[PDB]
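>>> Structure for the following, please:
(chains A, B, C, D and E, ligands or ions: 7)
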Amino acid sequence: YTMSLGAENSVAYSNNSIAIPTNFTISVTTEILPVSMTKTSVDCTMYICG
Amino acid sequence: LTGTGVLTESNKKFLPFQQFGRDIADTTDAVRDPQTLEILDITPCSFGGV
Amino acid sequence: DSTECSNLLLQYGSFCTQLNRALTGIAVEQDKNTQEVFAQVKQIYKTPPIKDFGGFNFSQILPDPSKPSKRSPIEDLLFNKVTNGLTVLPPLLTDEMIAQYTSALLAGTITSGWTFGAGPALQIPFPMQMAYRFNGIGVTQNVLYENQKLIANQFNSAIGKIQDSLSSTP
Amino acid sequence: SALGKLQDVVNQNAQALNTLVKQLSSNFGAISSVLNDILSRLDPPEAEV
Amino acid sequence: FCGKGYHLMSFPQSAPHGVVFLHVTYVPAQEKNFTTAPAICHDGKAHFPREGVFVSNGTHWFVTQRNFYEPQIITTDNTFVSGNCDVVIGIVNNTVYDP
Ligand SMILES: *[C@@H]1O[C@H](CO)[C@@H](O[C@@H]2O[C@H](CO)[C@@H](O)[C@H](O)[C@H]2NC(C)=O)[C@H](O)[C@H]1NC(C)=O
Ligand SMILES: *[C@@H]1O[C@H](CO)[C@@H](O[C@@H]2O[C@H](CO)[C@@H](O)[C@H](O)[C@H]2NC(C)=O)[C@H](O)[C@H]1NC(C)=O
Ligand SMILES: *[C@@H]1O[C@H](CO)[C@@H](O[C@@H]2O[C@H](CO)[C@@H](O)[C@H](O)[C@H]2NC(C)=O)[C@H](O)[C@H]1NC(C)=O
Ligand SMILES: *[C@@H]1O[C@H](CO)[C@@H](O[C@@H]2O[C@H](CO)[C@@H](O)[C@H](O)[C@H]2NC(C)=O)[C@H](O)[C@H]1NC(C)=O
Ligand SMILES: *[C@@H]1O[C@H](CO)[C@@H](O[C@@H]2O[C@H](CO)[C@@H](O)[C@H](O)[C@H]2NC(C)=O)[C@H](O)[C@H]1NC(C)=O
Ligand SMILES: *[C@@H]1O[C@H](CO)[C@@H](O)[C@H](O)[C@H]1NC(C)=O
Ligand SMILES: *[C@@H]1O[C@H](CO)[C@@H](O)[C@H](O)[C@H]1NC(C)=O
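Numbers count the residues shown, from 1 in each chain, chains lettered A, B, ... in the order given. Ligands and ions are numbered 1, 2, ... in the order given. Please find the structure below.
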């Protein structure tokens, strides 16, 4: 299929109307960020030659 | 087949056409003794960083 | 297509697998970059058919209906100004869908301000939104309202100068 | 797939190490990939090559 | 930068070779249409909101904070005066209460 960018949302714009929230949601989201790698050391002489 | 490693008694059961066993790096990690047909693991001697 | 060459190349191991894996990682990283830049909204916002924004003109940045590519005149000028085992993979997002993403972002920031980036898109008149932005930089709303025609004229002149500067500088 | 970002880093590091150890099994055009086989099979003038 | 929505706070959590941030954000919800005006014309003077916005439920005009509906009577304590009513485009007529 051709991938849908998203749902269409026609904002009801006019020159004298505003939308004010009457309520709220306390939303908790996760963000995972890598920090470090495995500290690997390779003996070059021992790797090549044993 | 020459090498250097600790020889220990092995739990692997070789088929009668098999003489040696290879690891990921194609080093002999298991070997059959040609006089008494028993299997030995060959763990390498300890390596450290000074 | 040489079989002897590939038989000798197998003696070197998995170098080719490493290079193909690195190029595949680069190729998917480009699509990840385009997703991270342009696909920040899950709603495709559209401008109203009547472009009454209190004197503010966005025709140089809104998509042109007469063009089949649905690009803005500025975006059309930007696209005009940029000119043995190798393959070029096409990007996951084509240029019209990237233009549609930018059009959705433009419609959201014009009709709703910064509200669509923090939740549901809340409609607001554009002079009032501009007044809010004026208060963000520490200038009172009255200054914006009193000099609104001048601000809209300056904004339209600057947008036209942007198009002229892009069309006149190689 | 919640923690996929850490798992990709771990998998890439383990895969790089695994490919590094797989590279020891290649002879690179020599007669064998084992140094001990070359030291036991050849005189030093060809063994140096 | 710190989650989707208006950022309130965040909590760090350790992870194997990584960090997990629990971003606590404020998301607006249950929005309602209102009729809005840039300024209020009273006694030949233009009144502008000090921190909020003028809203109307259909018959009466109020001033509320921008991110939450909390209508209050338009007074001289939450508005400021700048100029007359002839300059601001879209100014509407409404009374301004004096405490
Ligand atoms: C604010 O009013 C507008 C129009 O007065 C509403 O937009 C309409 O919403 C309905 C239901 O989704 C649609 O069928 C109409 O086509 C919309 N009209 C327009 C012009 O967009 C809008 O939903 C109202 N907002 C709220 C929060 O009630
Ligand atoms: C604002 O939204 C909250 C939910 O996020 C509403 O709280 C719910 O109200 C209904 C009806 O009173 C209850 O059945 C639910 O149990 C409530 N949920 C929670 C988590 O308390 C709240 O009523 C809304 N307030 C307004 C003014 O709209
Ligand atoms: C917004 O700007 C566009 C262009 O900046 C205006 O379109 C011009 O209109 C005049 C008069 O009709 C024409 O002579 C030009 O050829 C038009 N230019 C282009 C590029 O189309 C437009 O009138 C402005 N106003 C509105 C409300 O759209
Ligand atoms: C707009 O809000 C005002 C104030 O909240 C409403 O005025 C009140 O309406 C109730 C219900 O009829 C009356 O009991 C009160 O006496 C009214 N107060 C005043 C000071 O008039 C008004 O009805 C609301 N309008 C709409 C269309 O919802
Ligand atoms: C808002 O109030 C002003 C002033 O009270 C109104 O302006 C008057 O309009 C009438 C008829 O249009 C004229 O006869 C007066 O001379 C005007 N006075 C001034 C000082 O301009 C204005 O019409 C009102 N607007 C609305 C929508 O009611
Ligand atoms: C000699 O080697 C054979 C294997 O070829 C084995 O069966 C036998 O036990 C060995 N005898 C001695 C005395 O080592
Ligand atoms: C809003 O537009 C209508 C026409 O659609 C016009 O009558 C009215 O004066 C405009 N108001 C403002 C504040 O521009």
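>>> Can the longest helix seen in chain C be said to contact chain A?
Secondary structure of chain C per DSSP state H: the longest helix is helix C:15-38. No - taking C-beta under 8 Å from any C-beta of the partner chain as the criterion, helix C:15-38 and chain A are apart, separated by no less than 9.5 Å. All C-beta spots, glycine's among them, are computed from the backbone N, C-alpha and C.
>>> contact partners of the helix or strand following that helix?
Note on helix C:15-38: by DSSP states H and E, the next helix or strand toward the C-terminus is strand C:43-46. Strand C:43-46 is contacted from outside by A:5-11, C:100, C:103-105, C:107-108, C:111-112, C:116, C:121, using C-beta atoms under 8 Å, 6 or more residues apart in numbering or on different chains.
>>> related to what we said a few turns ago, does the longest helix of chain C reach chain D?
Yes - applying C-beta under 8 Å from any C-beta, one finds helix C:15-38 in contact with chain D at C:17-18.
>>> What residues sit buried inside that helix?
C:34, C:38 (16 or more other C-beta atoms under 10 Å in any protein chain shown).
>>> Quick one: list the elements packing against it.
helix C:95-111 (3 or more C-beta pairs under 8 Å, 6 or more residues apart in numbering or on different chains; DSSP states H and E).
>>> Now look at the helix or strand following the helix it packs on and say if it contacts ligand 3.
Once helix C:95-111 ends, the next helix or strand along the chain (criterion: DSSP H and E) is helix C:126-136. No - on the criterion C-beta under 6 Å from any ligand atom, helix C:126-136 is out of touch with ligand 3, staying 13.0 Å away.
>>> Need the contact partners of helix C:126-136.
A:18, C:53-54, C:56, C:110-111, C:113, C:124, C:140-141, C:143-145, C:148, C:151, E:36, E:38, E:53, E:66, E:89-90.
>>> mind running it again at 7 Å?
For helix C:126-136, contacts defined as C-beta atoms under 7 Å, 6 or more residues apart in numbering or on different chains pick out C:53-54, C:56, C:110, C:113, C:141, C:143-145, C:148, E:36, E:38.
>>> and that helix with helix C:95-111, angle?
Using axes from the mean of the first three to the mean of the last three C-alpha atoms, to 10 degrees, the inter-axis angle of helix C:126-136 relative to helix C:95-111 is 80 degrees.
>>> can I get the CA coordinates of helix C:126-136 in PDB?
Written as PDB, here are the backbone C-alpha positions of helix C:126-136 (Å, rounded to 0.1, in the frame of the first residue of the first chain):
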ATOM      1  CA  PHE C 126      -3.600  34.700  13.700                       C
ATOM      2  CA  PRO C 127      -3.300  38.300  15.000                       C
ATOM      3  CA  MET C 128      -4.000  37.000  18.500                       C
ATOM      4  CA  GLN C 129      -1.400  34.300  18.000                       C
ATOM      5  CA  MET C 130       1.100  36.900  16.800                       C
ATOM      6  CA  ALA C 131       0.200  39.000  20.000                       C
ATOM      7  CA  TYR C 132       1.000  35.900  22.100                       C
ATOM      8  CA  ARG C 133       4.300  35.600  20.300                       C
ATOM      9  CA  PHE C 134       4.900  39.300  21.000                       C
ATOM     10  CA  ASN C 135       4.300  38.700  24.700                       C
ATOM     11  CA  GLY C 136       6.700  35.800  24.600                       C
END
